[PDB]
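Fold and contact review
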Amino acid sequence: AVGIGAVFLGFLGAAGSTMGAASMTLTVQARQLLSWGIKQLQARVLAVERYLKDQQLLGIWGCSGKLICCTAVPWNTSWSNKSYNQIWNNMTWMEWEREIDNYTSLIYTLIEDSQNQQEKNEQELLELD
Amino acid sequence: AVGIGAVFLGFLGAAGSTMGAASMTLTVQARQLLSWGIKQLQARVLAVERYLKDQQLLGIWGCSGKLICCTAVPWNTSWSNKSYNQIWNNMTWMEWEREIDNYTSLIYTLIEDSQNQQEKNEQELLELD
Amino acid sequence: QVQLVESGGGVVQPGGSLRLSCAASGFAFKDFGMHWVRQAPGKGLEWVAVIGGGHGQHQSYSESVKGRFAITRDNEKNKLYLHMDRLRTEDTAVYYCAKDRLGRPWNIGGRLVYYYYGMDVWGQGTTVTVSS
Amino acid sequence: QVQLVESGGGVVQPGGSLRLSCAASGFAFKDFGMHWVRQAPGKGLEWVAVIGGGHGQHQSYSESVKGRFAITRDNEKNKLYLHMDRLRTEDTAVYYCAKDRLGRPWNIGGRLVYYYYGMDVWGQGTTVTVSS
Amino acid sequence: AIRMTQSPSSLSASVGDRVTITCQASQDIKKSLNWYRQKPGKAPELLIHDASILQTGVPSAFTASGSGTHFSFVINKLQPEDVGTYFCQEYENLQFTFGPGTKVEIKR
Amino acid sequence: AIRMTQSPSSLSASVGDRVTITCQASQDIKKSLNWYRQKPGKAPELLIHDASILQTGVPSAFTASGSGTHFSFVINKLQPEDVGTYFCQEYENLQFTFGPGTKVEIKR
Ligand SMILES: *[C@@H]1O[C@H](CO)[C@@H](O[C@@H]2O[C@H](CO)[C@@H](O[C@@H]3O[C@H](CO[C@H]4O[C@H](CO)[C@@H](O)[C@H](O)[C@@H]4O)[C@@H](O)[C@H](O[C@H]4O[C@H](CO)[C@@H](O)[C@H](O)[C@@H]4O[C@H]4O[C@H](CO)[C@@H](O)[C@H](O)[C@@H]4O)[C@@H]3O)[C@H](O)[C@H]2NC(C)=O)[C@H](O)[C@H]1NC(C)=O
Ligand SMILES: *[C@@H]1O[C@H](CO)[C@@H](O[C@@H]2O[C@H](CO)[C@@H](O[C@@H]3O[C@H](CO[C@H]4O[C@H](CO)[C@@H](O)[C@H](O)[C@@H]4O)[C@@H](O)[C@H](O[C@H]4O[C@H](CO)[C@@H](O)[C@H](O)[C@@H]4O[C@H]4O[C@H](CO)[C@@H](O)[C@H](O)[C@@H]4O)[C@@H]3O)[C@H](O)[C@H]2NC(C)=O)[C@H](O)[C@H]1NC(C)=O
Ligand SMILES: *[C@@H]1O[C@H](CO)[C@@H](O[C@@H]2O[C@H](CO)[C@@H](O[C@@H]3O[C@H](CO[C@H]4O[C@H](CO)[C@@H](O)[C@H](O)[C@@H]4O)[C@@H](O)[C@H](O[C@H]4O[C@H](CO)[C@@H](O)[C@H](O)[C@@H]4O)[C@@H]3O)[C@H](O)[C@H]2NC(C)=O)[C@H](O)[C@H]1NC(C)=O
Ligand SMILES: *[C@@H]1O[C@H](CO)[C@@H](O[C@@H]2O[C@H](CO)[C@@H](O[C@@H]3O[C@H](CO[C@H]4O[C@H](CO)[C@@H](O)[C@H](O)[C@@H]4O)[C@@H](O)[C@H](O[C@H]4O[C@H](CO)[C@@H](O)[C@H](O)[C@@H]4O)[C@@H]3O)[C@H](O)[C@H]2NC(C)=O)[C@H](O)[C@H]1NC(C)=O
Ligand SMILES: *[C@@H]1O[C@H](CO)[C@@H](O)[C@H](O)[C@H]1NC(C)=O
Ligand SMILES: *[C@@H]1O[C@H](CO)[C@@H](O)[C@H](O)[C@H]1NC(C)=O
């Protein structure tokens, strides 16, 4: 016998479950987050800038339109030597982000400086010839 | 409880079972059929001519290397108005061949005169442009 | 070790109320789902209700008790409660607290669900009499 | 209607032989697979052997009879045979002929196989005694 | 074929009572079970096949159930006419082994 | 949850005999069956879960089998210590219904 909730994750609750299980509701969480007068006016502009900031990076990385996209940057096991299953079936999003917090800027840089650079250079060369 | 034979159809036995089931051992039957001195010498030459005759047609029809090949000639229901299942799950090879015996030369002609002709003409035109 | 301390019983009049409290230790009370069952004198064991683990985001009641009883829990006190309201004489029974084999809020299909496989741990219950 | 006429029995000495013949009509004898079973006095029913339909391209024997008995059939006479050779006193039993629920040589997997689902039609058998 | 066992060897009741026969396999046979009933002077009559389905022409006086290793034959009401030996036969493999048979009779 | 039935309501034997309890569902419950044993003054003890698996710490004095609608509880040898009421509980749906219970005692 199994008791069930209604439809899907309410809000953020999956943050403490494994990243594997949590991935199920990225569509939910993303939609919810993505979407006196002067103070609110300021807040609105800030919300837009935060919104567009993320969209800029997703655009550049070739990830726009996706909530899950594979890159072409290899994982340097110096960051973490855990296997695929040792991470995804054993660690939460809150825990994972902390584990590699100090590599965020490194990897983000690598995506753009190496892969994006390559994809744009080679793209033109392929279109030319 | 089920009793089983060794491996596969011995020889021709499937001829009286439905064409569906019989299709399973086309590889067997084909191989077996495909493969004093003067009389045998004559027979050998005749065997070669029969062998090559079939290969000629299979080559022309674009069927070489296959024991099952789809053509692009539509079935004229005047020949038989039975549905797919009404034939394949209900009639043997011996029975079927008799049903459409008088259309053999007709359909063979149509394969070559219409489809083969088209495929060779259009092929050249596509390669040219 | 595992021990359930089941009290809060006694004798009440029909139309009255009480609440039972089953204190427990020796296990992760906060995590496992729990059961309520009752056995009237001369009868077999009747299932009363179930509450899931964690914060108890799912319940089910027997049709014989729905609308008259409520289940809750306090994960810091490690106590399981049965709110026995508007009682009838038919509610005389010994009531037991029990732990399900699992009862956990699995994240599956994008939602939490509680998997139950039946009671396997319990105390000895307490007698609640409803009479006049 | 369906009727099995089972004869060829009698009394033989150990070391001797006989052959039983079960004539049948009312059904497509040539198509269905057949069984042999036997029941010794004071015992239950022991399975003896099976032969498939058609020409009988598959058989199985009980370990208690293998090497001493043979099964065959004649689809024009509509008779099922049991060759009872080199018999022992332990072979005293009433022997029955029976038809399987199916027993047909299906063309599947590129080969013929016989699907059996057990006996469902039979006569009353005949007594074969082996004694001295 | 997996050896079948039946119990009790001697089963009796008064007329009209509900009488059941236990039959088990030492190994999983999934469903391949027939029930036969033998009367004196008559070859065993097939009542139920595939562990649950009555044979054509057999009245709904009997049922059966179970799967895997545990099966049972149920006589809804035992009448004098139903006295006989009931057999549990397995036909998963080509030995079609019969069980010991259970004798069902009227108490006196 | 599907109503469970048990039979006989009163089951007895001499010490050391093999004693079984019949339990059935009116509808297929597949496997969701627990067996409990109640002794006077004690809450029912879980002996077998998932219709066949002994609970940790329970001695191999009991077995069970069956699936679908037909189940059985087997007492390998009935000892005075095993006297009690055995319950057939279904937990397929969130009603966790208990069966009537069968009382098992020693003949005298
Ligand atoms: C962890 O922390 C959470 C968060 O606080 C906590 O959960 C909360 O528990 C309280 C107490 O159980 C919950 O409060 C209940 O909320 C419902 C919601 O009503 C709204 O939504 C429905 C939706 O249909 C609307 O219809 C309704 O109009 C409202 O909009 C209330 O209905 C409940 O009221 C009843 O119960 C009260 C209990 O004290 C009564 O005082 C009250 O008068 C109502 O009683 C009626 O119903 C009873 C049902 O048993 C019945 O017995 C009475 O006789 C009478 O008929 C109640 O206010 C709150 O919702 C929970 N919050 C969440 C998010 O779930 C957890 O308890 C805590 N966990 C742990 C382990 O500590
Ligand atoms: C439709 O038509 C078909 C075609 O004729 C017909 O089937 C044929 O039936 C006959 C009679 O049963 C079969 O003849 C038997 O053939 C085997 C084959 O032996 C060869 O192959 C094995 C393979 O391992 C080799 O080891 C062996 O050395 C040979 O190369 C023979 O072994 C059989 O001989 C025994 O049986 C005879 C029965 O009369 C005896 O006389 C003989 O001495 C042998 O007896 C021994 O074995 C007996 C086994 O029961 C035993 O009882 C004896 O005591 C002794 O130990 C036999 O000659 C023939 O193969 C079938 N043909 C095919 C293609 O299957 C069908 O009967 C017919 N259908 C209908 C419905 O009418
Ligand atoms: C807070 O976060 C934790 C995260 O750990 C949650 O606990 C776990 O939640 C996951 C799912 O979210 C559960 O995962 C399931 O585990 C099963 C394994 O069971 C075996 O192993 C446990 C080990 O304790 C034994 O107890 C158990 O008896 C078994 O031996 C898997 O079988 C499950 O697989 C399911 O999904 C796949 C998907 O393809 C299906 O194919 C399968 O058929 C099956 O349906 C699943 O992986 C995990 O069990 C939870 N842990 C525990 C101990 O229960 C918390 O529940 C969570 N809390 C809240 C508030 O939600
Ligand atoms: C000479 O030729 C004939 C040709 O008709 C053979 O007889 C038939 O042979 C075919 C296979 O070669 C058999 O086909 C099977 O039929 C099953 C249907 O059974 C139902 O219908 C019959 C109707 O009489 C009922 O009696 C029966 O009780 C059932 O109600 C199918 O289920 C079978 O499907 C199998 O194949 C598929 C393949 O994907 C699998 O997925 C299935 O799970 C299953 O395994 C199959 O189609 C047909 O039954 C035969 N007819 C009879 C009456 O038995 C002769 O046997 C043949 N003789 C020789 C010498 O070989
Ligand atoms: C990984 O699994 C083991 C299993 O015992 C557990 O102890 C450990 O805490 C897990 N890691 C995380 C991130 O929880
Ligand atoms: C087609 O199936 C029917 C089913 O009764 C049968 O009568 C008929 O003979 C079948 N056709 C052939 C070609 O056998």
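Let us look at the structure shown here. (Residues numbered from 1 in each chain as written, not as in the entry; some residues may be left out. Chains lettered and ligands numbered in written order. Part of a larger assembly, values for the part shown. Heavy atoms only, no water.)

Things to note about the overall build of chain A
Helix and strand content of chain A: 6 helices and 1 strand. Element order for chain A, N to C, with α for helix and β for strand: β-α-α-α-α-α-α. Its C-alpha atoms give chain A a radius of gyration of 19 Å, more than 25% over the compact-globule value 14 Å for 129 residues. Principal axes of the C-alpha set define a box for chain A whose edges measure 60 × 50 × 30 Å. (Helix = DSSP H or I, 4+ residues; strand = E, 2+ residues; numbered from the N terminus. Rg over C-alpha atoms; globule rule 2.2 N^0.38 Å.)

Digging into the overall build of chain E
A count of helices and strands for chain E gives 0 helices and 10 strands. When the helices and strands of chain E are placed in sequence order, the string is β-β-β-β-β-β-β-β-β-β. In summary, chain E has a C-alpha radius of gyration of 13 Å against a globular reference of 13 Å for 108 residues, a match within 12%. Burial status across chain E gives 49% buried among its 108 residues. Counted over contacts in chain E with a minimum sequence separation of 6, partners at least 24 positions apart contribute 57%. About 4800 Å² of surface is accessible on chain E, with carbon and sulfur atoms providing 47% of the total. (Buried < 20%, exposed > 50% of the residue type's maximum accessible area, 1.4 Å probe, protein only. Contact = heavy atoms within 4.5 Å. Areas by Shrake-Rupley, 256 points an atom, 1.4 Å probe, with all protein chains shown as cover.)

Thoughts on the environment of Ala23 of chain D
Residue and element names in this part refer to chain D. If you trace the backbone, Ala23 turns up in strand β3 (residues 18-25). On the accessibility criterion, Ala23 (25% relative accessible area) is partly exposed. It is 7.6 Å that separates the C-alpha atoms of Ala23 and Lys77, two residues lying 54 residues apart in sequence. Ignoring any residue separated from it by four or fewer positions in sequence, one finds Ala23 in contact with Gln3, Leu4, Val5, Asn78 and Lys79.

Remarks on the site of ligand 1
Lining the immediate environment of ligand 1, one finds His55, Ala70, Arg73, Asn75 and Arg86 of chain C. Protein chains bury 18% of the 1300 Å² of accessible surface belonging to ligand 1 in isolation. (Near = heavy atom within 4 Å.)

Describing the packing of aromatic side chains
Counted according to the given criterion, the structure contains 34 aromatic pairs over all chains. On the basis of an interplanar angle of 25° and a centroid distance of 5.5 Å, the ring pair of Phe62 of chain F and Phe73 of chain F is categorised as stacked. On the criterion of sequence distance, the pair formed by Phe62 of chain F in strand β7 (residues 62-67) and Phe73 of chain F in strand β8 (residues 70-75) is long-range, its members being 11 residues apart. Its relative accessible area of 3% is what places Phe62 of chain F among the buried residues. Feature note: the residues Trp75, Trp79, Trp96 and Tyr103 of chain A constitute an aromatic cluster, connected by ring pairs. Directly above the aromatic system of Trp36 of chain A lies the positively charged group of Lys39 of chain A, at a separation of 5.5 Å from the ring centroid. Directly above the ring of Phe29 of chain D sits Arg73 of chain D, whose terminal nitrogen or CZ lies 4.6 Å from the centroid. (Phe/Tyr/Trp six-rings, centres within 6.5 Å; stacked < 30°, edge-to-face > 60°. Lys NZ or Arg CZ within 6 Å of the ring centre and 35° of its normal.)

Details of the side chain of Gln6 of chain F
Residue and element names in this part refer to chain F. Tracing the sequence through the fold places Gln6 in strand β1 (residues 4-7). For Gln6, a relative accessible area of 9% gives the class buried. Within polar-contact distance, the side chain of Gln6 engages the backbone oxygen of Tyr86 at 3.0 Å. Within polar-contact distance, the side chain of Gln6 engages the backbone nitrogen of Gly101 at 2.8 Å. If we skip the residues at most four places from it in the chain, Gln6 touches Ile21, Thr22, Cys23, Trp35, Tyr86, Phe87, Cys88, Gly99, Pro100, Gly101 and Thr102. (Polar contact = N/O pair within 3.5 Å; in protein donor to acceptor, adjacent residues only side chain to side chain.)

Let's talk about the arrangement of the chains
What separates chain C from chain D at the closest point of their C-alpha atoms is a distance of 38 Å, and the two make no contact. One thing to see here is that chain C and chain E don't touch, and their nearest C-alpha atoms sit 22 Å from each other.

Some points on the state of the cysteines
Throughout the structure, instances matching the rule amount to 6 disulfides over all chains. Disulfide partner of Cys22 of chain D: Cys97 of chain D, at an S-S distance of 2.0 Å. Taking the torsion about the S-S bond as the criterion, the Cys22 of chain D to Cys97 of chain D disulfide, at about 65°, is right-handed. With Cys22 of chain D in strand β3 and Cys97 of chain D in strand β9 (residues 93-100), the pair connects residues that are 75 residues apart, well separated along the chain. Residue class for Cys97 of chain D comes out buried when judged on its relative accessible area of 1%. Sulfur-sulfur distance for the disulfide between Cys23 of chain E and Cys88 of chain E comes to 2.0 Å. Disulfide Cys23 of chain E-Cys88 of chain E: the torsion about the S-S bond is -85°, which places it as left-handed. Highlighted residues: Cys23 of chain E in strand β3 (residues 19-25) and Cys88 of chain E in strand β9 (residues 84-90), separated in sequence by 65 residues. Judged by its relative accessible area of 0%, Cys23 of chain E falls in the buried class. Looking at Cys88 of chain E, the relative accessible area reads 0%, which means it is buried. (Disulfide = S-S within 2.5 Å.)

Coordinates in, geometry out; function isn't part of it.
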